[PDB]
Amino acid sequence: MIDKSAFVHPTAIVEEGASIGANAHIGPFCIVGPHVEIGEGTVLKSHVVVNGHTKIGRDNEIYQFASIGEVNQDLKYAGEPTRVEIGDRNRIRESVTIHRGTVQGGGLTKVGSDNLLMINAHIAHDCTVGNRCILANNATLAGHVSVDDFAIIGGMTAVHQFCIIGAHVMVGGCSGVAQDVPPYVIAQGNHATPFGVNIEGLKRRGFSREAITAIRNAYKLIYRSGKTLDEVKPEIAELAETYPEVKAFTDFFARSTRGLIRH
């Protein structure tokens, strides 16, 4: 059902079954499939394709030539009715592609809220993007990639399948990420390696001087002490008993499946 306060341009094609919220705006030459939900205040500028089982939240801005909900590029996918979920207040720029999940991968591609996805960013099947993230121009996620809250990924950078980009990470431009990046780390290169703690991001986001120091000490345990990860995990858990921000490392280790980026 199309809310009476929504605008649908006469040249747009909204298929019966689509749900369009109050004060949404569907611009010229858009296509919206029958299983799409578009939340209140969301704008599709023009020439946008949204299809599949796809739920989009409120106050998003989706620009021309973006493709949301489309068939993914996994050769294992065979047309099953998988899903895309997108949250609120995202800016989804020209030519961005966000593909539906695969049965094998859990069936869901998810994007949170307040993200900036720049021109031609790619979010593959079964990815999970959190909140307040930035993907710069042409940043490309392979299938099953996680991008955690506040992480930023620079222009022209690609991330290999299943990798985790931890919270508050900064991945430089022109990089290739082949393994998991722990929270709070700067990564860059091809393949990307660690380059210290994203101190400036943490400072701007309200982290205390004590928390940043504890995070830097956790980084040194991982990358400078010379100990194995298994030896380091209890020491990081010990540090998190005083500095709760360090618990992000613990939670990340439990999810990591590709090993950490290394020098």
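Counting begins at 1, following the sequence as shown.
Here 196 to 204 and 220 to 228 are compared by their mean Cα B-factor, and 220 to 228 comes out higher.
In this entry, the higher average B-factor at the C-alpha atoms falls on 185 to 193, of the pair 153 to 161 and 185 to 193. Taking the PDB entry at face value, the top CA B factor among 173, 166, 112, 106 belongs to 106. When all modelled residues of the chain are sorted by CA temperature factor, residue 69 is found within the lowest third. Annotation for residue 56: CA B-factor lies in the lowest third of the chain's modelled residues.
For residue 88, the recorded CA B-factor ranks within the middle third of the chain. Only modelled residues enter the ranking.
Annotation for residue 130: CA B-factor lies in the middle third of the chain's modelled residues. Annotation for residue 80: CA B-factor lies in the highest third of the chain's modelled residues.
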